[PDB]
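Residue numbers (the numbering used here), protein chains in the order written: chain A, 1 to 417; chain B, 1001 to 1417; chain C, 2001 to 2205; chain D, 3001 to 3204. Notes follow the structure.
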Ligand SMILES: *[C@@H]1O[C@H](CO)[C@@H](O)[C@H](O)[C@H]1NC(C)=O
Ligand SMILES: *[C@@H]1O[C@H](CO)[C@@H](O)[C@H](O)[C@H]1NC(C)=O
Ligand SMILES: *[C@@H]1O[C@H](CO)[C@@H](O)[C@H](O)[C@H]1NC(C)=O
Ligand SMILES: *[C@@H]1O[C@H](CO)[C@@H](O)[C@H](O)[C@H]1NC(C)=O
Ligand SMILES: *[C@@H]1O[C@H](CO)[C@@H](O)[C@H](O)[C@H]1NC(C)=O
Ligand SMILES: *[C@@H]1O[C@H](CO)[C@@H](O)[C@H](O)[C@H]1NC(C)=O
Ligand SMILES: [Ca+2]
Ligand SMILES: [Ca+2]
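The following block contains the structure:
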């Protein structure tokens, strides 16, 4: 049951389940009501009539409390749990929800379901590293130029696919409650259909962190003053549910993510790949450059070919180019006295034992060159013939040639009878 | 820290830790005292004076109780825990302890530490399949011929190395307590030093189950005139500790044993091997026959070479012998239109596309032989030249040869002016 | 057993099969059967499943979402529910795609293509069709596509025109140049490959 | 903390280095330090560690078992103990083995080996040593080993003899058979490879 491989036995692009990555997670918030106990008011409509009712937020009474576990908790339409900000946070104040995924995600959407009216202006930023730096994702506002300094709804082009846009969509009250904002990461982007083959778009959807910031409140309702406060305590942010939908980013080389030894989240790497995102080749499979799966080719890494004289190799782009873009692997630290690109021949001073297959611990046999009779210790790889001295013969140069006999000199071991 | 592989990076013989395989385990016994509360007497020596004191086994007084747990529990010389048999179970009767390891073990020794006088006759049987069949391991008796119908201590030869022997050793009625019987499996066996390369001895030492049977009691003490029962209740079997020392058997290919998903125990095979005992090659890795690690060669299994057009293979002994005992692997159901032993050439009806390397999906390109102009769809692999008809030429047979022109017949498409 | 004290758990499996304008969603009930499930709620949408929610009873193991935009990416969420509320969802996403119609068996290409050279300007080529009665007149709707290119060099972009008859006149051409001709037949949804190539050269005038 | 209510746990690591007639046992204390350890008990034996037990204090990370037999398989058990008793053992087994001495730097083989054929029965061969003064007489204790074999067929297992002088008489041979001779020098623990081969064939 491995989806990363065929009916048999070849590999194929596999992707982790579509999930809500914000579910178990804890969200850090800039504002929350109940400390100290505070008043908040909700305005409702019947025909054209406003009815303003006021309640108390008691950060410590688990019934009138609104902690930010109520962003990521179970969403039940019946008993609804909402995080809620301080009563009056207004422009130029803003409230920030910030959520860390823990792994690189390819994010299909970000969605907030509000228990208050939606914001007039709201910004969404992401982080493709782990919270060290932030870049904008989406902007929502009535007046985009004057607020976020970005143009209003704009044509995204094949030049800039990565431009965060700003739309007046979902900036509308109403609903006064249960309002929904859904940001699709691939919405309005030209190359979306080709996403599989579009790297810029694969990048755009990648985030380790999501941070939403509510910039401005809709002013809604009639100030009736014995105290202005009643209308003031009624403008705040509340959201019942936060969802960042998407898939764990494995680059198509893994069907699931699992908890590491450190309880880190990582891909369960297949297709001979390594790395947390399966972004690199497994240690011995360097024979060709790493590549993400295209749903046509799985682009698995393939092991170096060493003759079982080495388990280390490195890739060479030139040797790859010359191979007809087949095999660029070269081998390191060839043992068993072998040497070569693939450890396919013998080191100086050795020769091939053809009694033994090319992959054998003893495949390379040392040529014993006679100390007195030979002119050097380096012999011929194929034959094993040593560089015999003058008048000397033999494979090892251990005997005198025909018409010769041994002298008492080491320099000239053989002379003629 | 993988012991199965070199300083880098090649493999080597690796062996699981030496352990007492009987420790956590529960051993089944035929006899235990407490069922009714029963009497037992111990005889002690001071000088030439004997002193017999009696106690009560009562298997529900965790104090006065002697459960078989006490065989495999922690051995502490201070607080001693002993299983104890029924009072006077004597020849022709015998008491049997039987212990199941759960894994194939290479057992270096089996040792019993008694709280009673040792047996005059005792037998050790093993099981190499799981509780299904039993074969003798060792025999201990004063008279071996009359008891076990085996000769007394006997010379083993390089023939009968698997023969269980019988010695009169460790049959001595003293010590009256703390007596010890240690059966070494490799003791006295000729090829023991060469155990690494001796398969019969590797077999001999292999057991999944151990069963000891105490055949006959030493009768020791002075018969008492009041009640004979006192001399009867003083004769029993008692054991402080049961040990089967040895290493989990992984045939030299694993450095540890671990429990799989079904919670049974198995080897953590490495070396491209598979099986409980790493007795077989991992799928797609049988290019050469399996072999246990010799501490010289690790004898790892080698993957079949298919051009990434299939992962299935089977071994061919003949093709191995012809290879010079190198590679006997052949590939099954070559996909991507290739075919061959290694999937190194093209199926009938295709030809080699040399813009693409042999491992490319498109390495084999179909030769489209013209329906009208060609005499068949099977072309030459090298050229891609289709089997042209009588008056036609071309690579695909898509035109008439010179001095010819098209006819209106599909059967003889080209004729002469 | 049956327990309504709490919301049902998450479903055991969810699976989605995308079609042209529709999507078939199939699933299996939550593992613990002690928790009562009254029904299943299926949310769906483009880019996110907040667009529309459809409820079915506890007996349904599949549903076909209809009236969906073509070549679109749908996110689908599947929950089980009882009188307490809705449970933890499963997500799956699928993309609607045009159905791929299996290719029809190919027709046999025209035969007997011949080039008759009138002038430097034009060459007339004719052929035959064995899919036609020997009188060679057309009834069912056929059309022949005729392509020609310059033989020198080994490549030139083909020019092609059509014919409702078994003859055609190639008009704009280069004087004194060898030309490669060929023709295919197409009838209804079935077509044929290109015929054997016939060569001819203009009058050099 | 320090706790004597119970027996100490099992030691953290055990390792054995076998040597020719002794065995070096090294270890590390049990993980939890709350359980007080008075010492360590080392059982050892052939085939099973019931032969002898040796106790050492809590300060020892190693001990050398001595007076062991010399090509033998020893099983070793390591426990830690306090006044309660002994804890759960670790096991390890090792084999005493002969030390591996090699190798002394090789000498230069004899030169000028010559074969003189005396009879059908015997052949007398002579040689020279360049590690000797030109008078070629022996002082330090050297000996030359001389090997011979039949050249036909390609192999025959060699016959060899030793000599304290620079000549030797090979007797007991087949008449009219070609023989291959060679000589090596050995001095003390140092040795040389075999010299260049000299051939000669016995008389009618
Ligand atoms: C909030 O809860 C704590 C305990 O519920 C209580 O002391 C406090 O009165 C509550 N809020 C108000 C009204 O102060
Ligand atoms: C239901 O909602 C109330 C208030 O909204 C909250 O106190 C309680 O924890 C919630 N419980 C569940 C199961 O949602
Ligand atoms: C948040 O408010 C601060 C000051 O109140 C302002 O400097 C900043 O630009 C605001 N950020 C957003 C995203 O509105
Ligand atoms: C045996 O021991 C148990 C536990 O004390 C006790 O219940 C039972 O009555 C005893 N009977 C004896 C000692 O005969
Ligand atoms: C002490 O010994 C008694 C009887 O021998 C036994 O029941 C008990 O379990 C022992 N205690 C420990 C801690 O082993
Ligand atoms: C055990 O006893 C039974 C009868 O009591 C006898 O048949 C059998 O041979 C005995 N086995 C051994 C191993 O002594
Ligand atoms: Ca909620
Ligand atoms: Ca015990």
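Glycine included, C-beta positions come from ideal geometry on N, C-alpha and C.
A direct Cα-to-Cα measurement between residue 65 of chain A and residue 83 of chain A gives close to 8 Å. Cβ contact annotation for residue 44 of chain A (same chain, cutoff 6 Å, sequence separation greater than five): 51, in chain order. Going by DSSP, residue 1095 of chain B is part of no alpha helix (DSSP H) but of the beta strand (DSSP E) stretching over 1095-1114. In the three-state reduction of the DSSP assignment, residue 1193 of chain B falls in the helix class, which pools H, G and I. Residue 8 of chain A reaches chain B at 1311, 1312, 1333, counting residues in chain order whose Cβ is nearer than 8 Å. Along the segment 140-202 of chain A, the beta strand (DSSP E) occurs as fully enclosed runs of 3 or more residues at 180-184, listed in sequence order. In the three-state scheme derived from DSSP, where H, G and I count as helix and E and B as strand, residue 1134 of chain B is classed as coil. Under the three-state reduction of DSSP output, residue 2027 of chain C falls in the strand class. If only complete runs of 3 or more residues are kept, the segment 1319-1344 of chain B shows the beta strand (DSSP E) at 1329-1331, in order along the chain. Neighbourhood of residue 1018 of chain B in chain D, by CB distance below 8 Å: 3075, 3091, 3092, 3093, in chain order. Beta bridge pairing from DSSP links residue 2076 of chain C with C/2044, C/2092. Counting C-beta atoms within 10 angstroms of its own C-beta, residue 1176 of chain B has 16 or more neighbours from the protein chains shown and is therefore classed as buried. If you check the C-beta of residue 1180 of chain B against ligand 5, you find no heavy atom less than 7 Å away. Check the Cα spacing between residue 266 of chain A and each of A/241, A/257, A/274, A/272: the tightest is with A/257.
Not flagged as an interface residue toward chain C: residue 255 of chain A, since no C-beta distance is shorter than 8 Å. For residue 1241 of chain B, the shortest separation between its Cβ and any heavy atom of ligand 8 lies below 7 Å. For residue 240 of chain A against residue 80 of chain A, the beta-carbon gap comes to about 5 Å, under 8 Å, which counts as contact.
Approximately 15 Å separates the beta-carbon atoms of residue 3077 of chain D and residue 3068 of chain D; this is outside 8 Å, ruling out the contact. Of the residues A/387, A/144, A/106, A/250, the one whose Cα lies closest to the Cα of residue 206 of chain A is A/106. Those residues whose C-beta sits under 6 Å from the nearest heavy atom of ligand 6 are, from N- to C-terminal order along the chain, B/1092, B/1093, B/1094, B/1123, B/1213, B/1215. Interface criterion not met: the Cβ of residue 3035 of chain D is under 8 Å from no Cβ in chain B. A residue is called buried when at least 16 other Cβ atoms come within 10 angstroms of its Cβ; residue 287 of chain A meets this threshold and is buried. Shown here, residue 1072 of chain B sits in a helix according to DSSP, grouped into three states.
By alpha-carbon distance to residue 1328 of chain B, the top candidate from B/1236, B/1336, B/1404, B/1314 is B/1314. Sequence-distant Cβ neighbours of residue 2006 of chain C in its own chain, meaning closer than 7 Å and more than five residues away, are 2035, 2084. The C-beta of residue 2088 of chain C comes closer than 8 Å to at least one C-beta of chain A. Non-local beta-carbon contacts of residue 365 of chain A in its own chain, meaning distances under 7 Å to residues more than five positions away in sequence, involve 350, 351, 353 in chain order. Across the segment 2110-2124 of chain C, CB contacts with chain B closer than 7 Å involve 2111, 2112, 2113, 2114, in sequence order along the chain. By the CB criterion at 8 Å, residue 397 of chain A and residue 386 of chain A fall inside the cutoff. Between the alpha carbons of residue 195 of chain A and residue 201 of chain A lies a distance of about 6 Å.
Annotation note: the segment 1225-1281 of chain B contains the following uninterrupted alpha helix (DSSP H) runs of length 4 or greater, listed N- to C-terminal: 1229-1232.
Nearest in C-alpha terms to residue 123 of chain A, of all of A/56, A/143, A/382, is A/143. Pairwise C-beta distances place the segment 11-24 of chain A in contact with the segment 292-302 of chain A, as three or more of them are shorter than 8 Å. In this structure the segment 1377-1391 of chain B lies against the segment 1409-1417 of chain B, because at least three pairs of beta carbons, one per stretch, are closer than 8 Å.
Chain B places a beta carbon closer than 8 Å to that of residue 2130 of chain C, counting this residue as a contact. For residue 2048 of chain C, the nearest beta carbon of chain A is closer than 8 Å to its own beta carbon.
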